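Ideal geometry is used to build each Cβ from the backbone, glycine not excepted, and the neighbour counts take in all protein chains shown. Only the coordinates and a few stated rules stand behind these numbers; no lab work does.
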Ligand SMILES: Nc1ncnc2c1ncn2[C@@H]1O[C@H](COP(=O)(O)OP(=O)(O)O)[C@@H](O)[C@H]1O
Ligand SMILES: Nc1ncnc2c1ncn2[C@@H]1O[C@H](COP(=O)(O)OP(=O)(O)O)[C@@H](O)[C@H]1O
Ligand SMILES: Nc1ncnc2c1ncn2[C@@H]1O[C@H](COP(=O)(O)OP(=O)(O)O)[C@@H](O)[C@H]1O
Ligand SMILES: [Mg+2]
Ligand SMILES: [Mg+2]
Ligand SMILES: [Mg+2]
């Protein structure tokens, strides 16, 4: 048989068979319900649109994300997402396919317990396993050491690994992510004259963020340039017209990552959390962690983020170290590639949580050595 | 055939075939265990890193010396050290090679008996012999009289020998050695704001001690000079940057040898013990013993130790006696050179302890007159 | 005239006149700054709130501790704290009162020198003195012999004293303290779904730790009982509501004191460092040190810590030796009690550092015989 | 003007990458001579320390 | 497409200019340390010759 790798992620569900070079199905993790009445008789609208289908009917639905920051908050929506992924996207029966799942660090144990219970009971998967996003990202990056910064749409965290050994006491988790950037972009667009409130327009604001935003190497210099020059202004076409032009708002939204004080967060920027995590580790491995800084996740895809973070870390770090940042073009799908590599390994076949073990030891078997 | 000359010592295992000019394999005697869990699967980490390999993985290992002060306290680790030495560094099977061993004077008989038992049982060497670490150093210096000061990392001892006749009643042993100096440097570096606690960075502190520490000819004058001027300060580059500068601490660390009261020991200094051992012998050989002082061991490699020790012993000794101290450049490896010379002798071929003799007489053969 | 006894501590400054049963001014040593804008004009807002005033405004300020581990890392904040203590809590002019200060063992010299310089220059005190906290704890206990464990909020150390004589070579200092326990409690509370990130939530977590945490006599048995039954679940009420439930992490947090491996530290627990310090001393005083084990510091009031430490030591110690642990109820303020007692002696009046002495000898006078 | 700006960008990136590889060679050779300079400096330092100790003794 | 190309080319030229200034102060500091190392080594040479003559006498 063959193994199945499913990555719930946050804001995007991506899945595919193990041993593949890229996920087959990638679609937003959205469950929408019709908010109007409906007057035509005979068509028989369904009561729930799930997945990429909800994007097409975005204008007549209330889009709800089943997960806020890694933690699943609406379980029924998650059974709907998983059922859609397993049946209408891959068209496979999970009765004969082991499933590998990806899960962020420092999350409630009840989350993993319920995930495994749902997988074993509702879908009757023969075996399953839960892994950490950072380890998979390091797998796909062709590395065995180095500190990896995984910044998705749900949560941003750093996990330092040296020689295949993790440093649990040095793991730092920050809840600032892409969703907060989108919300700040909404909050900062209204000062120009454009108001976005409905959950349907969340997608439009996110698309504007993806298509136009970029990280500035220097903040004060760029603001001074934009205060006088107008070469930073670009137009965007809304799905109905009335093009909008944004000036300094394009490079101010991603600055929240390095300046979390913009949205009221007390913590420090990602460039500072990475340095703090490096200094948390032992003194004999700091050089290798400095020389093998790994990036992953969708939020790290902004143009010029690598140069800005390298400059910041070089400013923080001693002047006698070479700071190198690895930013492969496929940052977004790095975790799934690592999952495919991990599931395709032959020695991994004895680390699955089989059905017999789950039945014998209950849902608590997840937190054993089969972490 | 050829004979193997293994010198376990403490903190440095050095070995090689007899008749060689210098030892072939020199590496620290430490055993490392991974103190973390390991997240990457399929790598298959070994459960124990031994020898020079553990120096490259200091940041994810805990280092335990199997020899505290001359004696062996962890026999499994010592067996691992011996196996590594025989099978990786030298790549020679000990089935058809006699071995020559060294240990400090005044050691428990159980240690020697267990060493002999392990070496005939586990490795099945054809023959073996144990020699005093000081007599071999005396051979390596081309002398036949005089006293020898073997200040290693575990223990410091003096053995007066006149015309090849040892004087057991005048042997003085002192437990102050390089390890205590390293610990004292770790303790006194805290007053400058640098904290070293982990066993991994004890090696770093040892590197500073080797590279920068030196023995002062006068203590009060150097103290006044360091307190007034700042020309004695030097800077050392740590493995992760943040260069540090050590001043007055530069020569305070090796002064513990002449001032044992710094670490709380009641025993007298090195020079006083040497003088007491000199006057413990007869009266007709004191002049030759004065004129043939021999230094050996790693700890005696500090710059200016010879001049200070000569000045102190001249102050103690009568004025009409000529005092000379022999300090060859190869103090550290002198014991192994002497061992190789002794094993290359033709008359020594009948002093080996044959396996049949050990079987007939039991492990207590070594302490018997068949030494 | 009367002398002042100011105990800087770490995160809890306690001060008062010498000759009192208890200090009359206890408040956290935190300096807060407003991180928001402030819309109302004419409010007369201050740019810095110190002491217990900042505890009432945690939700609008950012809390910065001027002391990391014993060492003061921010001198402006410490100056503000001292000015507040002298002029508001005590309401006495420091120009006519000798001041007695305390500090931890193995403290960097620059810290103490800068402390004395600040005290002599800014507040212009006539005389001042600095003493080790362990000696004051011994004076307050009414003893004159016995190893004392002073686990505060920044540092934990053991100092053995026999017949009024201290043994510097047997002093063991460890950086594990209350702050690390609070951080570990933060880390492990996320296992249920409660996230505390802002510095304001640190005080909430500390209050939870003080109110609920306790030390288990055995770890495995208590974990088994917690996993099987549900009798250990205790609920705490947040400043708003949503009462939280705490299970085995109620006693898992203080286990870091005996299991420093939880937070990734190499060193052993306090129960083992105490035994190592005991065996570091001589042989003819070990009985009295075993029978006069003294506890002090705020961190040593976990219910059941004394019994657990006694069991651990009796396991380590020889069977024919009796172990006694002294845990006075006034553990937190024992250092201040000893300081007041010591300042009350008429003999001590000649040990003050006069202002003329400091002016003529410079800051280096502090490390002279007037230790 | 889009094509004109594209051509400007192309020869600009060509010239800046040429200068960049020149700068990489330059920084490499000066880092090397930094190593030799530091080695000679420390060599002279401890040689004079040893000879001064000999002079005082 | 041409505008995007010009955009990343402008970003690249700006970042390489920044690295050029970085290398500029790197060259300044390496030059000054090389000069000081040369001066101290040469002074060490003269004082070594002087103390060697003193040692001989
Ligand atoms: N080219 C891009 N530029 C900026 N942001 C992007 C880009 N592509 C994706 N993103 C952001 O990344 C998010 C997707 O992150 P994702 O990798 O799905 O996280 P997870 O792995 O946790 O599901 C989207 O919300 C989007 O805002
Ligand atoms: N030049 C030096 N300066 C300072 N310390 C030294 C020097 N050479 C050796 N040592 C110390 O001596 C120790 C090794 O001594 P060694 O003779 O190998 O002991 P053993 O023979 O018991 O292994 C090391 O711990 C090292 O710190
Ligand atoms: N009953 C308790 N339970 C848990 N922790 C406590 C308790 N009492 C005090 N502490 C801890 O002790 C610390 C205060 O100790 P203290 O002696 O004041 O040290 P310092 O003088 O360095 O502040 C506080 O941070 C608190 O967390
Ligand atoms: Mg992700
Ligand atoms: Mg030796
Ligand atoms: Mg205290």
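Some observations on this one:
- FRET efficiency for the pair residue C:371 and residue A:279, taken as 1/(1 + (r/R0)^6) with r the Cβ-Cβ distance and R0 = 25 Å, rounds to 0.15.
- Cα shape, chain C, gyration tensor, a/c 1.5 rule: oblate
- Inter-label distance for residue D:8 and residue A:327, nm, one decimal - labels placed 7 Å from Cα along Cα-to-Cβ: 2.4 nm
- Simple spin-label estimate for residue B:17 and residue C:52 in nanometres, 7 Å along Cα-Cβ: 8.2 nm
- Fraction of the pair-distance distribution of segment B:199-326 above 22 Å, Cα-Cα pairs, percent: 47 percent
- Under 20 Å from a label point set 7 Å out along the Cα-to-Cβ vector of residue B:265, the amide N atoms of segment B:47-74 belong to B:65-73.
- Segment A:155-202, Cα convex hull volume normalised per residue, Å³: 97 Å³
- Highest average first, the peptides A:163-176, C:72-85 ordered by how many other beta carbon atoms sit within 10 Å of their residues are A:163-176, C:72-85.
- Our note on the geometry: Cα centres of segment B:97-112 and segment B:194-230, 34 Å apart.
- Within segment A:74-159, DSSP assigns beta bridges of which about 45% are antiparallel (rounded to the nearest 5).
- From its DSSP helices (H runs of at least four residues, each -39,500 (n - 2.57)), chain B gives a residue-normalised ellipticity at 222 nm of -9500 deg cm²/dmol.
- Rotation relating C and A, chain A residue nearest the axis via C-beta, angstrom: A:197, 3
- Computed over segment C:299-370, the P(r) tail beyond 19 angstrom holds 63 percent of alpha carbon pairs.
- Using the Cβ-Cβ distance between residue D:35 and residue A:291 with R0 set to 25 Å, the FRET efficiency from 1/(1 + (r/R0)^6) comes to roughly 0.85.
- For E:26-32, mean number of other protein chain Cβ atoms within 10 Å: 3
- Nearest 10 degrees, 0 to 90: helix E:2-56 Cα axis against chain E principal axis: 0 degrees
- Result for chain B in a Gaussian network model with C-alpha springs under 10 Å: among B:189, B:212, B:232, the largest mean-square fluctuation is at B:232.
- Here segment D:6-57 and segment C:337-371 have alpha carbon centers that stand 53 Å from each other.
- Shielding by partners for peptide A:276-287, expressed as the average number of C-beta atoms from other protein chains within 10 Å of each residue's C-beta, is 5.
- Segment B:246-323 and segment C:116-152 have Cα centres lying 40 Å from one another.
- Among beta bridges from DSSP that stay inside the protein assembly as shown, the antiparallel ones total about 70%.
- Contact order normalised by residue count of chain C, Cα under 8 Å, 6+ apart, percent: 19 percent
- Beta bridges assigned by DSSP with both partners in chain C are antiparallel in approximately 70 percent of cases.
- Ordering of A:114-122, B:361-369 by packing [mean C-beta count within 10 Å, highest first]: A:114-122, B:361-369
- A point 7 Å from Cα along Cα→Cβ stands in for residue A:34, and the other copies hold the same point at 5.4, 5.7 nm, listed in rising order.
- Sorted from shortest to longest, the distances between the residue B:241 label points of this copy and the other copies are 5.0, 5.7 nm, with each point 7 Å from Cα along the line through the beta carbon.
- Averaged over the residues of peptide D:35-42, the number of Cβ atoms from other protein chains lying within 10 Å of each residue's Cβ is 4.
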